[PDB]
$ cat final27.cif   # mmCIF, N, CA and C atoms
data_input
loop_
_atom_site.group_PDB
_atom_site.id
_atom_site.type_symbol
_atom_site.label_atom_id
_atom_site.label_comp_id
_atom_site.auth_asym_id
_atom_site.auth_seq_id
_atom_site.Cartn_x
_atom_site.Cartn_y
_atom_site.Cartn_z
ATOM 1 N N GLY A 1 -8.328 14.388 4.675
ATOM 2 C CA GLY A 1 -8.609 14.242 3.258
ATOM 3 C C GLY A 1 -7.524 13.481 2.517
ATOM 4 N N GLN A 2 -6.252 13.737 2.853
ATOM 5 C CA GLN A 2 -5.202 12.937 2.218
ATOM 6 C C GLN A 2 -5.218 11.499 2.680
ATOM 7 N N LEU A 3 -5.516 11.254 3.957
ATOM 8 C CA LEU A 3 -5.605 9.877 4.422
ATOM 9 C C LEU A 3 -6.701 9.113 3.680
ATOM 10 N N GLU A 4 -7.874 9.738 3.500
ATOM 11 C CA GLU A 4 -8.973 9.070 2.801
ATOM 12 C C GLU A 4 -8.629 8.847 1.329
ATOM 13 N N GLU A 5 -7.968 9.816 0.694
ATOM 14 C CA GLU A 5 -7.585 9.628 -0.697
ATOM 15 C C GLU A 5 -6.596 8.479 -0.835
ATOM 16 N N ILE A 6 -5.634 8.380 0.098
ATOM 17 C CA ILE A 6 -4.692 7.263 0.074
ATOM 18 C C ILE A 6 -5.429 5.952 0.248
ATOM 19 N N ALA A 7 -6.409 5.905 1.158
ATOM 20 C CA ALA A 7 -7.171 4.680 1.334
ATOM 21 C C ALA A 7 -7.826 4.255 0.033
ATOM 22 N N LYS A 8 -8.477 5.198 -0.664
ATOM 23 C CA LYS A 8 -9.027 4.920 -1.987
ATOM 24 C C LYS A 8 -7.969 4.372 -2.936
ATOM 25 N N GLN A 9 -6.803 5.001 -2.956
ATOM 26 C CA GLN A 9 -5.730 4.566 -3.832
ATOM 27 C C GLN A 9 -5.307 3.136 -3.496
ATOM 28 N N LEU A 10 -5.213 2.802 -2.212
ATOM 29 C CA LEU A 10 -4.902 1.425 -1.809
ATOM 30 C C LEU A 10 -5.979 0.435 -2.224
ATOM 31 N N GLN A 11 -7.256 0.802 -2.083
ATOM 32 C CA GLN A 11 -8.331 -0.055 -2.545
ATOM 33 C C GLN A 11 -8.214 -0.318 -4.040
ATOM 34 N N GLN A 12 -7.887 0.724 -4.812
ATOM 35 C CA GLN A 12 -7.711 0.584 -6.254
ATOM 36 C C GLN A 12 -6.528 -0.331 -6.576
ATOM 37 N N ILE A 13 -5.390 -0.112 -5.929
ATOM 38 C CA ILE A 13 -4.231 -0.982 -6.139
ATOM 39 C C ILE A 13 -4.580 -2.437 -5.838
ATOM 40 N N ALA A 14 -5.355 -2.667 -4.774
ATOM 41 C CA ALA A 14 -5.752 -4.014 -4.392
ATOM 42 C C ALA A 14 -6.499 -4.694 -5.528
ATOM 43 N N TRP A 15 -7.469 -3.986 -6.118
ATOM 44 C CA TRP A 15 -8.155 -4.473 -7.305
ATOM 45 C C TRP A 15 -7.167 -4.797 -8.416
ATOM 46 N N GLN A 16 -6.205 -3.900 -8.666
ATOM 47 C CA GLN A 16 -5.237 -4.171 -9.726
ATOM 48 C C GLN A 16 -4.455 -5.440 -9.430
ATOM 49 N N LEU A 17 -4.091 -5.657 -8.166
ATOM 50 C CA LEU A 17 -3.314 -6.834 -7.818
ATOM 51 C C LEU A 17 -4.127 -8.094 -8.026
ATOM 52 N N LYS A 18 -5.430 -8.042 -7.743
ATOM 53 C CA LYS A 18 -6.274 -9.216 -7.917
ATOM 54 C C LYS A 18 -6.417 -9.559 -9.392
ATOM 55 N N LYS A 19 -6.538 -8.543 -10.248
ATOM 56 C CA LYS A 19 -6.537 -8.798 -11.686
ATOM 57 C C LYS A 19 -5.201 -9.380 -12.142
ATOM 58 N N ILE A 20 -4.093 -8.884 -11.599
ATOM 59 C CA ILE A 20 -2.781 -9.403 -11.965
ATOM 60 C C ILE A 20 -2.647 -10.848 -11.528
ATOM 61 N N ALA A 21 -3.113 -11.163 -10.323
ATOM 62 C CA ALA A 21 -3.051 -12.533 -9.838
ATOM 63 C C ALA A 21 -3.852 -13.487 -10.715
ATOM 64 N N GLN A 22 -5.029 -13.058 -11.161
ATOM 65 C CA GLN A 22 -5.889 -13.913 -11.966
ATOM 66 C C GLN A 22 -5.322 -14.111 -13.367
ATOM 67 N N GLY A 23 -4.634 -13.109 -13.915
ATOM 68 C CA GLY A 23 -3.986 -13.253 -15.214
ATOM 69 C C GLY A 23 -2.653 -13.995 -15.148
ATOM 70 N N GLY B 1 -1.286 -16.453 -5.087
ATOM 71 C CA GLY B 1 -1.718 -16.460 -3.701
ATOM 72 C C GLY B 1 -1.104 -15.334 -2.887
ATOM 73 N N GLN B 2 0.184 -15.040 -3.113
ATOM 74 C CA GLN B 2 0.758 -13.892 -2.409
ATOM 75 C C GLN B 2 0.192 -12.578 -2.896
ATOM 76 N N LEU B 3 -0.074 -12.455 -4.197
ATOM 77 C CA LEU B 3 -0.682 -11.227 -4.692
ATOM 78 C C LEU B 3 -2.052 -10.993 -4.056
ATOM 79 N N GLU B 4 -2.876 -12.047 -3.961
ATOM 80 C CA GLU B 4 -4.205 -11.900 -3.366
ATOM 81 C C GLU B 4 -4.104 -11.582 -1.875
ATOM 82 N N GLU B 5 -3.158 -12.206 -1.171
ATOM 83 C CA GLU B 5 -3.002 -11.902 0.243
ATOM 84 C C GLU B 5 -2.585 -10.451 0.441
ATOM 85 N N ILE B 6 -1.675 -9.950 -0.412
ATOM 86 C CA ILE B 6 -1.280 -8.546 -0.330
ATOM 87 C C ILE B 6 -2.472 -7.649 -0.587
ATOM 88 N N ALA B 7 -3.307 -7.991 -1.575
ATOM 89 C CA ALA B 7 -4.488 -7.184 -1.833
ATOM 90 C C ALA B 7 -5.363 -7.087 -0.599
ATOM 91 N N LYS B 8 -5.625 -8.227 0.059
ATOM 92 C CA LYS B 8 -6.347 -8.222 1.328
ATOM 93 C C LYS B 8 -5.688 -7.305 2.350
ATOM 94 N N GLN B 9 -4.373 -7.401 2.477
ATOM 95 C CA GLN B 9 -3.648 -6.579 3.430
ATOM 96 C C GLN B 9 -3.822 -5.096 3.104
ATOM 97 N N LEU B 10 -3.768 -4.731 1.827
ATOM 98 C CA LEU B 10 -4.017 -3.340 1.427
ATOM 99 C C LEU B 10 -5.436 -2.886 1.734
ATOM 100 N N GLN B 11 -6.434 -3.742 1.496
ATOM 101 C CA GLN B 11 -7.799 -3.409 1.853
ATOM 102 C C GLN B 11 -7.923 -3.148 3.348
ATOM 103 N N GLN B 12 -7.262 -3.977 4.162
ATOM 104 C CA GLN B 12 -7.278 -3.802 5.612
ATOM 105 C C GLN B 12 -6.604 -2.489 6.013
ATOM 106 N N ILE B 13 -5.428 -2.211 5.465
ATOM 107 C CA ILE B 13 -4.748 -0.946 5.754
ATOM 108 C C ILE B 13 -5.637 0.243 5.399
ATOM 109 N N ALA B 14 -6.349 0.154 4.272
ATOM 110 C CA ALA B 14 -7.230 1.226 3.836
ATOM 111 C C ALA B 14 -8.280 1.520 4.894
ATOM 112 N N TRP B 15 -8.919 0.467 5.415
ATOM 113 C CA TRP B 15 -9.839 0.609 6.534
ATOM 114 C C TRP B 15 -9.166 1.289 7.715
ATOM 115 N N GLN B 16 -7.945 0.862 8.059
ATOM 116 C CA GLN B 16 -7.263 1.487 9.190
ATOM 117 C C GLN B 16 -7.048 2.970 8.937
ATOM 118 N N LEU B 17 -6.703 3.339 7.703
ATOM 119 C CA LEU B 17 -6.451 4.737 7.399
ATOM 120 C C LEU B 17 -7.723 5.549 7.518
ATOM 121 N N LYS B 18 -8.862 4.973 7.130
ATOM 122 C CA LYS B 18 -10.125 5.695 7.214
ATOM 123 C C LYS B 18 -10.516 5.923 8.666
ATOM 124 N N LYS B 19 -10.279 4.932 9.527
ATOM 125 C CA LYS B 19 -10.501 5.139 10.955
ATOM 126 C C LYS B 19 -9.562 6.210 11.509
ATOM 127 N N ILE B 20 -8.308 6.221 11.067
ATOM 128 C CA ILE B 20 -7.359 7.226 11.530
ATOM 129 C C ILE B 20 -7.794 8.606 11.080
ATOM 130 N N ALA B 21 -8.247 8.723 9.836
ATOM 131 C CA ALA B 21 -8.713 10.007 9.333
ATOM 132 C C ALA B 21 -9.903 10.534 10.125
ATOM 133 N N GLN B 22 -10.833 9.652 10.481
ATOM 134 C CA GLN B 22 -12.032 10.065 11.198
ATOM 135 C C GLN B 22 -11.711 10.453 12.637
ATOM 136 N N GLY B 23 -10.721 9.811 13.257
ATOM 137 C CA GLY B 23 -10.297 10.186 14.601
ATOM 138 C C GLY B 23 -9.385 11.410 14.632
ATOM 139 N N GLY C 1 5.957 -5.273 -15.107
ATOM 140 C CA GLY C 1 6.030 -3.827 -15.261
ATOM 141 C C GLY C 1 4.989 -3.147 -14.392
ATOM 142 N N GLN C 2 3.766 -3.680 -14.399
ATOM 143 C CA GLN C 2 2.720 -3.181 -13.514
ATOM 144 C C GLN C 2 3.105 -3.351 -12.051
ATOM 145 N N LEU C 3 3.642 -4.509 -11.698
ATOM 146 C CA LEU C 3 3.989 -4.703 -10.306
ATOM 147 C C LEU C 3 5.030 -3.680 -9.847
ATOM 148 N N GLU C 4 6.047 -3.406 -10.681
ATOM 149 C CA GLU C 4 7.117 -2.470 -10.323
ATOM 150 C C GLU C 4 6.565 -1.073 -10.135
ATOM 151 N N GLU C 5 5.610 -0.709 -10.966
ATOM 152 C CA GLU C 5 4.958 0.583 -10.868
ATOM 153 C C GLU C 5 4.113 0.688 -9.587
ATOM 154 N N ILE C 6 3.346 -0.360 -9.273
ATOM 155 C CA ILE C 6 2.593 -0.408 -8.010
ATOM 156 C C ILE C 6 3.524 -0.260 -6.818
ATOM 157 N N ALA C 7 4.626 -1.018 -6.823
ATOM 158 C CA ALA C 7 5.618 -0.906 -5.761
ATOM 159 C C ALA C 7 6.088 0.541 -5.561
ATOM 160 N N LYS C 8 6.454 1.216 -6.652
ATOM 161 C CA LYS C 8 6.792 2.625 -6.607
ATOM 162 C C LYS C 8 5.696 3.459 -5.947
ATOM 163 N N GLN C 9 4.439 3.254 -6.355
ATOM 164 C CA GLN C 9 3.327 3.997 -5.761
ATOM 165 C C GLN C 9 3.197 3.724 -4.280
ATOM 166 N N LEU C 10 3.292 2.451 -3.858
ATOM 167 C CA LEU C 10 3.208 2.144 -2.434
ATOM 168 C C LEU C 10 4.341 2.792 -1.655
ATOM 169 N N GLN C 11 5.540 2.856 -2.227
ATOM 170 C CA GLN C 11 6.656 3.522 -1.569
ATOM 171 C C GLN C 11 6.398 5.013 -1.424
ATOM 172 N N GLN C 12 5.858 5.662 -2.457
ATOM 173 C CA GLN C 12 5.528 7.082 -2.325
ATOM 174 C C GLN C 12 4.437 7.316 -1.267
ATOM 175 N N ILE C 13 3.416 6.458 -1.237
ATOM 176 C CA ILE C 13 2.368 6.566 -0.219
ATOM 177 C C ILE C 13 2.976 6.432 1.168
ATOM 178 N N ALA C 14 3.867 5.452 1.363
ATOM 179 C CA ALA C 14 4.534 5.322 2.659
ATOM 180 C C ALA C 14 5.261 6.599 3.065
ATOM 181 N N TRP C 15 5.999 7.203 2.130
ATOM 182 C CA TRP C 15 6.702 8.454 2.383
ATOM 183 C C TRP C 15 5.731 9.530 2.845
ATOM 184 N N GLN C 16 4.593 9.622 2.160
ATOM 185 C CA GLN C 16 3.591 10.628 2.497
ATOM 186 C C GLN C 16 2.969 10.371 3.865
ATOM 187 N N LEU C 17 2.668 9.097 4.199
ATOM 188 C CA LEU C 17 2.128 8.782 5.505
ATOM 189 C C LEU C 17 3.099 9.202 6.598
ATOM 190 N N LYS C 18 4.404 8.992 6.370
ATOM 191 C CA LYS C 18 5.394 9.419 7.358
ATOM 192 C C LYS C 18 5.393 10.932 7.498
ATOM 193 N N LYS C 19 5.294 11.658 6.389
ATOM 194 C CA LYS C 19 5.230 13.105 6.516
ATOM 195 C C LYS C 19 3.974 13.524 7.259
ATOM 196 N N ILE C 20 2.841 12.886 6.982
ATOM 197 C CA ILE C 20 1.629 13.254 7.698
ATOM 198 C C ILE C 20 1.821 13.044 9.181
ATOM 199 N N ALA C 21 2.457 11.930 9.550
ATOM 200 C CA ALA C 21 2.698 11.655 10.958
ATOM 201 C C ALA C 21 3.686 12.649 11.561
ATOM 202 N N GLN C 22 4.587 13.218 10.764
ATOM 203 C CA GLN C 22 5.564 14.123 11.361
ATOM 204 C C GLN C 22 5.025 15.524 11.608
ATOM 205 N N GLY C 23 3.815 15.835 11.160
ATOM 206 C CA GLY C 23 3.220 17.121 11.476
ATOM 207 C C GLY C 23 2.927 17.979 10.262
ATOM 208 N N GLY D 1 2.015 6.985 15.449
ATOM 209 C CA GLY D 1 2.662 5.693 15.633
ATOM 210 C C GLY D 1 2.066 4.662 14.694
ATOM 211 N N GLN D 2 0.736 4.647 14.592
ATOM 212 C CA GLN D 2 0.062 3.779 13.633
ATOM 213 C C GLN D 2 0.462 4.118 12.204
ATOM 214 N N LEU D 3 0.504 5.399 11.876
ATOM 215 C CA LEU D 3 0.853 5.743 10.513
ATOM 216 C C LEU D 3 2.256 5.245 10.160
ATOM 217 N N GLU D 4 3.224 5.397 11.078
ATOM 218 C CA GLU D 4 4.609 4.988 10.826
ATOM 219 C C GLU D 4 4.695 3.491 10.618
ATOM 220 N N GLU D 5 3.909 2.754 11.374
ATOM 221 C CA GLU D 5 3.854 1.309 11.245
ATOM 222 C C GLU D 5 3.234 0.890 9.902
ATOM 223 N N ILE D 6 2.134 1.537 9.508
ATOM 224 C CA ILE D 6 1.533 1.294 8.187
ATOM 225 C C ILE D 6 2.538 1.562 7.078
ATOM 226 N N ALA D 7 3.228 2.704 7.159
ATOM 227 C CA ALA D 7 4.262 3.028 6.185
ATOM 228 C C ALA D 7 5.298 1.904 6.050
ATOM 229 N N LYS D 8 5.818 1.420 7.178
ATOM 230 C CA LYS D 8 6.706 0.273 7.186
ATOM 231 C C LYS D 8 6.106 -0.925 6.453
ATOM 232 N N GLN D 9 4.846 -1.260 6.753
ATOM 233 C CA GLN D 9 4.190 -2.382 6.083
ATOM 234 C C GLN D 9 4.081 -2.161 4.592
ATOM 235 N N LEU D 10 3.680 -0.953 4.157
ATOM 236 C CA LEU D 10 3.594 -0.683 2.726
ATOM 237 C C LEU D 10 4.954 -0.796 2.054
ATOM 238 N N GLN D 11 6.021 -0.374 2.723
ATOM 239 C CA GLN D 11 7.362 -0.512 2.170
ATOM 240 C C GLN D 11 7.751 -1.975 2.031
ATOM 241 N N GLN D 12 7.442 -2.806 3.027
ATOM 242 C CA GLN D 12 7.735 -4.234 2.894
ATOM 243 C C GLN D 12 6.926 -4.876 1.754
ATOM 244 N N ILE D 13 5.649 -4.511 1.626
ATOM 245 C CA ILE D 13 4.825 -5.022 0.527
ATOM 246 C C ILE D 13 5.436 -4.626 -0.808
ATOM 247 N N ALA D 14 5.859 -3.364 -0.946
ATOM 248 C CA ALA D 14 6.518 -2.948 -2.185
ATOM 249 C C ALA D 14 7.735 -3.808 -2.508
ATOM 250 N N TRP D 15 8.576 -4.073 -1.505
ATOM 251 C CA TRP D 15 9.749 -4.922 -1.678
ATOM 252 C C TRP D 15 9.345 -6.292 -2.198
ATOM 253 N N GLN D 16 8.294 -6.855 -1.607
ATOM 254 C CA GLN D 16 7.823 -8.177 -2.007
ATOM 255 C C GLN D 16 7.265 -8.173 -3.426
ATOM 256 N N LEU D 17 6.496 -7.129 -3.806
ATOM 257 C CA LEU D 17 5.984 -7.041 -5.158
ATOM 258 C C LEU D 17 7.127 -7.006 -6.159
ATOM 259 N N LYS D 18 8.208 -6.284 -5.830
ATOM 260 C CA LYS D 18 9.363 -6.250 -6.726
ATOM 261 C C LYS D 18 9.994 -7.628 -6.838
ATOM 262 N N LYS D 19 10.111 -8.350 -5.728
ATOM 263 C CA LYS D 19 10.656 -9.694 -5.835
ATOM 264 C C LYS D 19 9.748 -10.578 -6.670
ATOM 265 N N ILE D 20 8.434 -10.465 -6.499
ATOM 266 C CA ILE D 20 7.542 -11.285 -7.304
ATOM 267 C C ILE D 20 7.752 -10.988 -8.770
ATOM 268 N N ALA D 21 7.903 -9.705 -9.105
ATOM 269 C CA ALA D 21 8.125 -9.331 -10.494
ATOM 270 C C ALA D 21 9.480 -9.822 -10.996
ATOM 271 N N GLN D 22 10.466 -9.986 -10.119
ATOM 272 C CA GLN D 22 11.773 -10.400 -10.617
ATOM 273 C C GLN D 22 11.878 -11.895 -10.883
ATOM 274 N N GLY D 23 10.869 -12.682 -10.530
ATOM 275 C CA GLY D 23 10.881 -14.093 -10.871
ATOM 276 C C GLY D 23 10.868 -15.017 -9.670
#

$ encode --input "final27.cif" --output "structure tokens"
Amino acid sequence: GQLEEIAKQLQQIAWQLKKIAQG
Amino acid sequence: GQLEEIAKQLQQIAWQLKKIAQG
Amino acid sequence: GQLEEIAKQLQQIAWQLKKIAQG
Amino acid sequence: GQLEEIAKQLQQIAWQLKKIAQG
């Protein structure tokens, strides 16, 4: 369960990084 | 470009973590 | 500021993954 | 072993994000 939650958190961070890159 | 590549790398790690969790 | 915060989060996740691996 | 390696990668990514933020 913690591994899956971390994976979700990494997916979310990835989205944030893509928004940062585009801005 | 580095931000987007890191995002890809995080997405890949997330997949790896989900496989690790399931195993 | 966002990047520095993300970096902090990734470092904490790494710490947690190591603890998970240690048992 | 995989988890420890992922942790290492996330730590390097964090280092790089901080450098990107520093200019």

$ resolve_selection --input "final27.cif" --expression "the PyMOL selection byres ((chain C and resi 18) around 8)" --output "PyMOL selection string"
(chain C and resi 12-17+19-23) or (chain D and resi 3-8)

$ calpha_fit_and_write --input "final27.cif" --fixed "chain A" --moving "chain B" --output "mmCIF file with N, CA and C atoms, keeping the file's coordinate frame"
data_model
loop_
_atom_site.group_PDB
_atom_site.id
_atom_site.type_symbol
_atom_site.label_atom_id
_atom_site.label_comp_id
_atom_site.auth_asym_id
_atom_site.auth_seq_id
_atom_site.Cartn_x
_atom_site.Cartn_y
_atom_site.Cartn_z
ATOM 1 N N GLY B 1 -8.328 14.388 4.675
ATOM 2 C CA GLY B 1 -8.610 14.242 3.258
ATOM 3 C C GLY B 1 -7.524 13.481 2.517
ATOM 4 N N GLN B 2 -6.252 13.737 2.853
ATOM 5 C CA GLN B 2 -5.202 12.938 2.219
ATOM 6 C C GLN B 2 -5.217 11.499 2.681
ATOM 7 N N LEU B 3 -5.515 11.255 3.957
ATOM 8 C CA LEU B 3 -5.605 9.877 4.423
ATOM 9 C C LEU B 3 -6.701 9.113 3.681
ATOM 10 N N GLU B 4 -7.874 9.738 3.500
ATOM 11 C CA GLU B 4 -8.973 9.070 2.801
ATOM 12 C C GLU B 4 -8.629 8.848 1.329
ATOM 13 N N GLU B 5 -7.967 9.817 0.694
ATOM 14 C CA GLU B 5 -7.585 9.628 -0.697
ATOM 15 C C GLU B 5 -6.596 8.480 -0.835
ATOM 16 N N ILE B 6 -5.633 8.381 0.099
ATOM 17 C CA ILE B 6 -4.692 7.263 0.074
ATOM 18 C C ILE B 6 -5.429 5.952 0.248
ATOM 19 N N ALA B 7 -6.408 5.905 1.159
ATOM 20 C CA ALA B 7 -7.171 4.680 1.333
ATOM 21 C C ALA B 7 -7.826 4.255 0.034
ATOM 22 N N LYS B 8 -8.477 5.199 -0.663
ATOM 23 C CA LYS B 8 -9.027 4.920 -1.987
ATOM 24 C C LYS B 8 -7.969 4.372 -2.935
ATOM 25 N N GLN B 9 -6.803 5.001 -2.956
ATOM 26 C CA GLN B 9 -5.730 4.565 -3.832
ATOM 27 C C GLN B 9 -5.307 3.136 -3.495
ATOM 28 N N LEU B 10 -5.213 2.802 -2.212
ATOM 29 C CA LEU B 10 -4.901 1.425 -1.809
ATOM 30 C C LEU B 10 -5.979 0.435 -2.223
ATOM 31 N N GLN B 11 -7.256 0.802 -2.083
ATOM 32 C CA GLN B 11 -8.331 -0.055 -2.544
ATOM 33 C C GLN B 11 -8.214 -0.317 -4.040
ATOM 34 N N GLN B 12 -7.887 0.724 -4.811
ATOM 35 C CA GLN B 12 -7.711 0.583 -6.255
ATOM 36 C C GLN B 12 -6.528 -0.331 -6.576
ATOM 37 N N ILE B 13 -5.390 -0.112 -5.929
ATOM 38 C CA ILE B 13 -4.230 -0.982 -6.139
ATOM 39 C C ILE B 13 -4.580 -2.437 -5.837
ATOM 40 N N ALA B 14 -5.355 -2.667 -4.774
ATOM 41 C CA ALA B 14 -5.752 -4.014 -4.393
ATOM 42 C C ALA B 14 -6.499 -4.694 -5.528
ATOM 43 N N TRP B 15 -7.468 -3.986 -6.118
ATOM 44 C CA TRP B 15 -8.154 -4.473 -7.305
ATOM 45 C C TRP B 15 -7.168 -4.796 -8.415
ATOM 46 N N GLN B 16 -6.205 -3.901 -8.666
ATOM 47 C CA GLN B 16 -5.237 -4.171 -9.726
ATOM 48 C C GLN B 16 -4.455 -5.440 -9.430
ATOM 49 N N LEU B 17 -4.091 -5.657 -8.166
ATOM 50 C CA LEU B 17 -3.314 -6.834 -7.818
ATOM 51 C C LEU B 17 -4.127 -8.094 -8.026
ATOM 52 N N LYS B 18 -5.430 -8.042 -7.743
ATOM 53 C CA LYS B 18 -6.274 -9.217 -7.917
ATOM 54 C C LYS B 18 -6.417 -9.559 -9.392
ATOM 55 N N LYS B 19 -6.538 -8.543 -10.248
ATOM 56 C CA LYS B 19 -6.538 -8.798 -11.686
ATOM 57 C C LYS B 19 -5.200 -9.380 -12.142
ATOM 58 N N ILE B 20 -4.093 -8.884 -11.599
ATOM 59 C CA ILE B 20 -2.781 -9.403 -11.965
ATOM 60 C C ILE B 20 -2.647 -10.848 -11.528
ATOM 61 N N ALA B 21 -3.113 -11.162 -10.323
ATOM 62 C CA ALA B 21 -3.051 -12.533 -9.838
ATOM 63 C C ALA B 21 -3.851 -13.487 -10.715
ATOM 64 N N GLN B 22 -5.028 -13.058 -11.161
ATOM 65 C CA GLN B 22 -5.890 -13.913 -11.967
ATOM 66 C C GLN B 22 -5.321 -14.110 -13.367
ATOM 67 N N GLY B 23 -4.634 -13.108 -13.916
ATOM 68 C CA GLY B 23 -3.986 -13.253 -15.214
ATOM 69 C C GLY B 23 -2.653 -13.995 -15.148
#

$ atom_distance --input "final27.cif" --atom1 "atom CA of residue D:9" --atom2 "atom CA of residue C:2"
19.7 Å

$ axis_aligned_box --input "final27.cif" --around "stretch 11-22 of chain B" --padding-each-side "5 Å" --output "JSON"
{"center_x": -8.4, "center_y": 3.3, "center_z": 7.1, "size_x": 17.3, "size_y": 24.5, "size_z": 21.1}

$ build_atoms --input "final27.cif" --residues "stretch 8-22 of chain C" --atoms "N, CA, C and O atoms" --output "JSON list (two decimals), keeping the file's coordinate frame"
[["chain", "number", "residue", "atom", "x", "y", "z"],
["C", 8, "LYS", "N", 6.45, 1.22, -6.65],
["C", 8, "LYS", "CA", 6.79, 2.62, -6.61],
["C", 8, "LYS", "C", 5.70, 3.46, -5.95],
["C", 8, "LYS", "O", 5.97, 4.29, -5.07],
["C", 9, "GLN", "N", 4.44, 3.25, -6.36],
["C", 9, "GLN", "CA", 3.33, 4.00, -5.76],
["C", 9, "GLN", "C", 3.20, 3.72, -4.28],
["C", 9, "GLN", "O", 3.01, 4.65, -3.51],
["C", 10, "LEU", "N", 3.29, 2.45, -3.86],
["C", 10, "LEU", "CA", 3.21, 2.14, -2.43],
["C", 10, "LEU", "C", 4.34, 2.79, -1.66],
["C", 10, "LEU", "O", 4.14, 3.23, -0.53],
["C", 11, "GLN", "N", 5.54, 2.86, -2.23],
["C", 11, "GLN", "CA", 6.66, 3.52, -1.57],
["C", 11, "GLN", "C", 6.40, 5.01, -1.42],
["C", 11, "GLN", "O", 6.69, 5.59, -0.35],
["C", 12, "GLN", "N", 5.86, 5.66, -2.46],
["C", 12, "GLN", "CA", 5.53, 7.08, -2.33],
["C", 12, "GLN", "C", 4.44, 7.32, -1.27],
["C", 12, "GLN", "O", 4.54, 8.26, -0.47],
["C", 13, "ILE", "N", 3.42, 6.46, -1.24],
["C", 13, "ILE", "CA", 2.37, 6.57, -0.22],
["C", 13, "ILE", "C", 2.98, 6.43, 1.17],
["C", 13, "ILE", "O", 2.65, 7.20, 2.08],
["C", 14, "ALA", "N", 3.87, 5.45, 1.36],
["C", 14, "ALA", "CA", 4.53, 5.32, 2.66],
["C", 14, "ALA", "C", 5.26, 6.60, 3.06],
["C", 14, "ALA", "O", 5.18, 7.02, 4.23],
["C", 15, "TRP", "N", 6.00, 7.20, 2.13],
["C", 15, "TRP", "CA", 6.70, 8.45, 2.38],
["C", 15, "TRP", "C", 5.73, 9.53, 2.84],
["C", 15, "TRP", "O", 5.95, 10.19, 3.86],
["C", 16, "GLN", "N", 4.59, 9.62, 2.16],
["C", 16, "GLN", "CA", 3.59, 10.63, 2.50],
["C", 16, "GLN", "C", 2.97, 10.37, 3.86],
["C", 16, "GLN", "O", 2.75, 11.31, 4.62],
["C", 17, "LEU", "N", 2.67, 9.10, 4.20],
["C", 17, "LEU", "CA", 2.13, 8.78, 5.50],
["C", 17, "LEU", "C", 3.10, 9.20, 6.60],
["C", 17, "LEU", "O", 2.68, 9.71, 7.65],
["C", 18, "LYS", "N", 4.40, 8.99, 6.37],
["C", 18, "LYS", "CA", 5.39, 9.42, 7.36],
["C", 18, "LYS", "C", 5.39, 10.93, 7.50],
["C", 18, "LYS", "O", 5.46, 11.46, 8.61],
["C", 19, "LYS", "N", 5.29, 11.66, 6.39],
["C", 19, "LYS", "CA", 5.23, 13.10, 6.52],
["C", 19, "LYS", "C", 3.97, 13.52, 7.26],
["C", 19, "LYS", "O", 4.04, 14.38, 8.15],
["C", 20, "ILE", "N", 2.84, 12.89, 6.98],
["C", 20, "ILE", "CA", 1.63, 13.25, 7.70],
["C", 20, "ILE", "C", 1.82, 13.04, 9.18],
["C", 20, "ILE", "O", 1.45, 13.90, 10.00],
["C", 21, "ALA", "N", 2.46, 11.93, 9.55],
["C", 21, "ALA", "CA", 2.70, 11.66, 10.96],
["C", 21, "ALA", "C", 3.69, 12.65, 11.56],
["C", 21, "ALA", "O", 3.61, 12.94, 12.76],
["C", 22, "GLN", "N", 4.59, 13.22, 10.76],
["C", 22, "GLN", "CA", 5.56, 14.12, 11.36],
["C", 22, "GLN", "C", 5.03, 15.52, 11.61],
["C", 22, "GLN", "O", 5.72, 16.33, 12.24]]
